[PDB]
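Trainee: Handing you this structure, nothing more for now.
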């Protein structure tokens, strides 16, 4: 579990080395939700991912496998409450597998 | 997220263009077009996506690709294109060489809608598609499939068995065949009144007082004389002129209390009932006693038939109810539960005002006609029993022969009284009263009547069958397509051949 | 100029600055290379209009691009998807109290929206105007301002906005307090979807195990399946039927609750068999227990068997160590282990054998330091004479439909 | 100017375009009625740009609307449809265990030690080891990338290491795992959607097929339920027992994993019939894989079969017309179709039958304009030589049990 | 091409002069070679599809 630092701006982009990979997330307000563009190692992984609390950002096995990890919002994404109140957490491969195991019987 | 979204198109149009018929017109109509082709487009597209409401056939066929259903058996496209027989359908289209405006007999006609395999109503297409999805998800549960079928076809409403809606699935279980939970009622001048197999007691000493000395009249205020009970020559519901009349004098707050063996019991539900006739007043006040001051009160409007007030000075009150009787007679039943055993008497008061209590003021003397008091244990009123200074105990019936259902009564049924039963027997449920006997006066044993619906065992291993139709009047095409095992619509388990068929 | 904002990896939406720059370039190429595209000019107004356009559509497409994936759907799309498995989002109603008993004076008139209050918040607005009759007492109808199951208990109601003449309000037990509802959110919708998936992602055996273990007072479960098409005692029970499943439930649970859970987890068609004689205790007679399907009033009979109870007896011949110990502590440790209160070891669940080595392990686990010389276990029927010396063996194996309960009085401790 | 809704035939919302006339009529009656809408004028350029933008908006909305249904969707849009029913595209990796390493004692091998097999294996050491005084220890290692060529057991070369590290070999006692890659599945995912459309279900023939397909390295499966149980034969393949399900599993998965999946989709009281001698190939003969019931009780038996291997051939006669030369692009198309990379037509599966017309259609969809003349196929058993030109016919029955395979050299094309 | 997924068992083609009786079953061949001064047209009614 690694919290990704954030700032309370509507549309932004953050790049960092997490889980032995170069991740880049661009978070922007789209209508009345937040959408995220996620790119790993330059090549883009997904566009227009609608962000929700507890629900992982990378949802297809073609992206977060093997052991790449995933990103989770504790609450529904809202840039007005970025920095405090709302966080984005990065899970490694094993920890995301554990999270999915707890998540599949809810 | 939160701080609005704008995106109005009309926003471009500054204060300068307030009297323009030009730029303003251009922006108006461009905005209208974008509205029609985005907001209306996605609104009716969401209506397309919604399976609960998919009148549009495009949505139905979208969903049938999604689920993999063969569309050959479907009846989409607009109807009214077949001639067949009748003025409500098409006719033979001939060679209209001159092109008459009426388009000869008809503008067309085709054999579209070949039956015995094909269903036409679009409402049932959504039904079969949702059935396919339920088959897709199903792990084989029978309770789940019954509940989903109820939810999809009856929209999750309970139904009567006189109609006979959907039934079970593959589970070799006979529902019944023994006989249980026999609620027997009787039809008489007291209406639908159930009977008890175990002894039941009415604790009042006298339930039809003919003299003032029969019951005392208690008055804390003692401003006026107590309410006097006098034999009134009025036809009682039993068929006699034995009713009593109770009069509350002007300025009197007294109440008549029927003597009763006490205590009634600790932590026991009690029920008070009586028969009343509308008199000078319009309503009656009832009170169930308890430890001071934990009593319960209620008032019953003899005419309008409403429990317009019921008060619980403590945990006493449970429920109140009223029942009609011909010749303008009424029965008021109050059910009360208290943890104390201070039930000394039940208080009755001819009320002046519609919320008058047991001790409210009486401007004048108001008389009411009372007959047939009964205070008893349990939580449901029962048949009237004449008590003359005796807490009378009695058993209504004994089930001598369970399997054939014949029942023995303590006394023969009076000439003209009827019987009703509710429960389950012969592998069939009857949630409504069913008649099986009419009184003759010389016989007291009577056989039960058949409830309903299918024997129910359906003996077999690894296979069963549906039951449907005499309720939903479903099209025969639905049943015929349903029976087609190759379509893969029904939820099923490998190794169980379940036919659908049935009405 | 629009590029491909659709692409394959979802809808790619760009900034409105880029969109506006693209529209400005288009207008500059169309009308003139040096046209004044100021917002107050007609061309600038058209540019702003087409900049609000070409972005509203971008946002809408990115909003409803992957709407068919249920893990991220929202609103009406989620309602439509969950209506396929019957999870229907409820309505947001309010408490609808009727017949609220109000006392006033003379002919006082009560107007709409007087906003009575319960003792603990919960403002209710009166929805029917009413004039109090000459008795000074009347009944009104109120609806809660908020949503959900707002409690309206019997008692006097405090008035927030009252006219002249209204004395007070109270809720007699004759009032018909109608409960409301608080809808259900998208997180709860996904909760119910994953719950339904977990329910419908099990076979017969796992479904039976989970549902029966969910029942309270159920110590343990033993589900065994024929799957042979031939009556034989393949594992403990001779399946009197070729295609069937057999179930053993421990503890002292409620018969109706266990039957209802089994019926809800029933695969169907494959019937339940009580088993042959002495294959468990076929309770509730030779016929199965009938239950009412909550779906349709149609009953079904289901069959399950309790294990044959066994009285276990344990001899131990411990040697007292430096620390003083009491035999009652030994007995308490043994019975706790058998009941399974100890972490790790299951205990004496149904289909678990009585091992003197296992109970010696439990005794050593609870009380170290003491020496163990000889530990023996034996099993007898319930309500039977205690085994004589010599009948005590080194280990007792138990069938697949039995369970042994050892009390404090069934352990003989000898301090050597 | 309109959206054409193909009611039942395509489920594709089609743009109508022709928006220029509507745009011109919009400019008219708003800017007046006598506007010279001809091109080469500022208003003409405005209308042209506006019509172009409007047609683009229509096309994009049509594409997004059509992405809801498959057969017209693509990655991350069809992926959402697959995730609606739980279908996953797939991932992979493959490590190797228990590699013997001999060197001097008390030497610590650093992480990421290179180890190249003879055909450029390029295996990496993932975890550090220390050599015990015995001189020979065991290390674990992984392949560098998605693909790893099968490492013949030899002395693995040492490239990057410490000073003392002597050598490391490979033995059959080492473990293995087989990778599976390459969207996995890209466009055959549309084919697999109709198969695994009931993954979320259980205890049914379709659910069994879906789950056993979801097992990795399972190219195809066939499931027969034989529900009118009277022994007999139903839909091909004779059945000894009346009620029994027969599963034919192609590919080369792991027996343990596929057995676990088959037990997970169990149906309850259906046995597994896989006899009738030639019908399929028994995986372990009588008394197949035991597996353990997750609801704890006994070691059951699950019986499935492997299809009979078949070798196919193709003879093609083409004209190489239309001045388009393609010498040996024919067999690539044939083998792609056989392997199932084409859309909507699953390749050589257990229930498939080698058909000349299908081979011709695949050849044509890959490259048109050659005027295929003859496409005789024929087929033989797993061994056997070429079936001679006499055997080459138009079709093979290819009964439900059995899987055909077309090698790259088994296709011979002739120019005429 | 146009309808993938369907499986075809047997396909036969034949050519006849215009305005002539349709050839009887068995006269069809697996491929018809055609001269250099003709065209062949198939209408909706000249295709016989049987569902096996």
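Residue numbers (full-length UniProt numbering), protein chains in the order written: chain A, 1 to 106; chain B, 2 to 504; chain C, 2 to 417; chain D, 2 to 417; chain E, 366 to 417. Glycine included, each C-beta is placed from N, C-alpha and C at the ideal position.
#1: Name the chain E residues that come within less than 8 angstroms of residue 45 of chain D, Cβ to Cβ?
#2: How would you write the range of the alpha helix (DSSP H) that residue 62 of chain D sits in, first residue to last?
#3: Given that a residue counts as buried once 16 or more other Cβ atoms are within 10 Å of its Cβ, and exposed if not, what is residue 329 of chain D?
#4: By a C-beta neighbour count over all protein chains shown, 10 Å radius and 16 as the cutoff for buried, is residue 137 of chain B buried or exposed?
#5: Could you work out which residues of chain C lie near residue 7 of chain A, taking near to mean beta carbons separated by less than 9 angstroms?
#6: Three Cβ pairs or more, each shorter than 8 angstroms: is that satisfied between the segment 96-112 of chain C and the segment 164-181 of chain C?
#7: Please state whether DSSP places residue 65 of chain B in a helix, a strand or coil.
#8: Output the residue ranges of the beta strand (DSSP E) runs that lie fully inside the segment 292-330 of chain B and measure 3 residues or longer, sorted by chain position.
#9: Quick one: is residue 16 of chain B buried, meaning 16 or more other Cβ sit within 10 Å of its Cβ, or exposed?
#10: Enumerate, from N- to C-terminal direction, the unbroken alpha helix (DSSP H) stretches of 4 or more residues contained entirely within the segment 180-268 of chain B.
#11: What do you reckon, are the CB atoms on residue 281 of chain B and residue 367 of chain B nearer than 8 angstroms?
#12: Classify residue 172 of chain B: buried if its beta carbon has 16 or more other beta carbons within 10 angstroms, exposed otherwise.
#13: With a threshold of 7 angstroms on Cβ separation, who are the neighbours of residue 33 of chain C within its own chain once the five nearest residues in sequence on each side are excluded?
#14: Can you list, in chain order, the residues of its chain whose CB lies under 6 angstroms from that of residue 133 of chain B, leaving out five sequence neighbours each side?
#15: Looking at the structure shown, is residue 24 of chain A part of a helix, part of a strand, or coil, going by DSSP?
#16: With DSSP as the reference, please indicate the residues paired to residue 293 of chain C in a beta bridge.
#17: Label residue 478 of chain B either buried or exposed according to how many other C-beta atoms from any shown protein chain fall within 10 Å of its C-beta, with 16 as the threshold for buried.
#18: DSSP three-state label for residue 212 of chain C, please.
#19: Compile a chain-ordered list of the residues in the segment 346-365 of chain D whose CB is closer than 7 angstroms to at least one CB of chain E.
#20: Using a Cβ cut-off of 8 angstroms, pull out every chain A residue sitting near residue 348 of chain B, in sequence order please.
#21: So with CB distances below 7 angstroms, who are the chain C contacts of residue 82 of chain D?
#22: Starting from residue 49 of chain B, follow the alpha helix (DSSP H) in both directions and report where the run begins and ends.
#23: Skipping 5 residues on each side, what residues in its chain have a beta carbon closer than 7 angstroms to that of residue 442 of chain E?
#24: Quick test of your reading: residue 362 of chain C and residue 322 of chain C, contact by CB under 8 angstroms. State the CB separation rounded to the nearest angstrom.
#25: Please list, in chain order, the chain B residues whose beta carbon lies closer than 9 angstroms to that of residue 80 of chain A.
#26: Comparing the C-beta of residue 214 of chain D with each C-beta of chain E, is any distance below 8 angstroms?
#27: Spatial neighbours of residue 350 of chain D within its chain, please: CB distance less than 6 angstroms, with the 5 preceding and 5 following residues excluded, ordered by chain position.
#28: Assign residue 170 of chain B to one of two classes, buried (16 or more other C-beta atoms within 10 Å of its C-beta) or exposed (fewer than that).
#29: Spell out the partners DSSP gives residue 139 of chain D in its beta bridges.
#30: Which of the three DSSP states, helix, strand or coil, is assigned to residue 420 of chain B?
#31: Determine the direct distance from the alpha carbon of residue 411 of chain D to that of residue 1 of chain B, and round the result to whole angstroms.
#32: Which residues bound the alpha helix (DSSP H) around residue 26 of chain B?
#33: For the alpha helix (DSSP H) that residue 4 of chain B lies in, which residues bound it at each end?
#34: With a threshold of 7 angstroms on Cβ separation, who are the neighbours of residue 171 of chain C within its own chain once the five nearest residues in sequence on each side are excluded?
#35: Note down, one range per segment and in chain order, each alpha helix (DSSP H) of at least 4 residues found wholly within the segment 179-247 of chain D.
#36: On the three-state DSSP scale, how would you describe residue 343 of chain C?
Mentor: Let me lay it out:
#1: Contact annotation for residue 45 of chain D against chain E: no contact, minimum CB-CB distance about 41 angstroms [criterion: below 8 angstroms].
#2: From DSSP, the alpha helix (DSSP H) with residue 62 of chain D extends over 43-67.
#3: exposed
#4: buried
#5: Simply none; closest approach about 17 angstroms.
#6: yes
#7: helix
#8: 297-302, 310-313, 318-326
#9: exposed
#10: none
#11: yes
#12: buried
#13: none
#14: 68, 70, 490
#15: strand
#16: C/300
#17: buried
#18: helix
#19: 346, 356, 358, 359, 362, 365
#20: Within chain A, no residue comes near residue 348 of chain B; the closest Cβ sits about 57 angstroms away, beyond 8 angstroms.
#21: Taking a Cβ-Cβ threshold of 7 angstroms, the residues of chain C close to residue 82 of chain D are 69, in chain order.
#22: Element bounds for residue 49 of chain B: 41-50.
#23: With chain E running from 366 to 417 in the structure shown, residue 442 of chain E is simply not present.
#24: At roughly 17 angstroms, the Cβ-Cβ gap does not stay under 8 angstroms, so residue 362 of chain C and residue 322 of chain C are not in contact.
#25: 2, 3, 4
#26: At a cut-off of 8 angstroms between C-beta atoms, residue 214 of chain D does not count as an interface residue with respect to chain E.
#27: 221
#28: buried
#29: D/101
#30: Note: residue 420 of chain B maps to strand in three-state DSSP.
#31: Because chain B in this structure spans residues 2 to 504, residue 1 of chain B falls outside the shown range and cannot be described.
#32: Looking at the DSSP string, the run of the alpha helix (DSSP H) that includes residue 26 of chain B is 24-35.
#33: In the DSSP annotation of this structure, residue 4 of chain B is not part of any alpha helix (DSSP H), being labelled neither H nor E.
#34: 102, 156, 157, 158
#35: 190-196, 206-215
#36: coil
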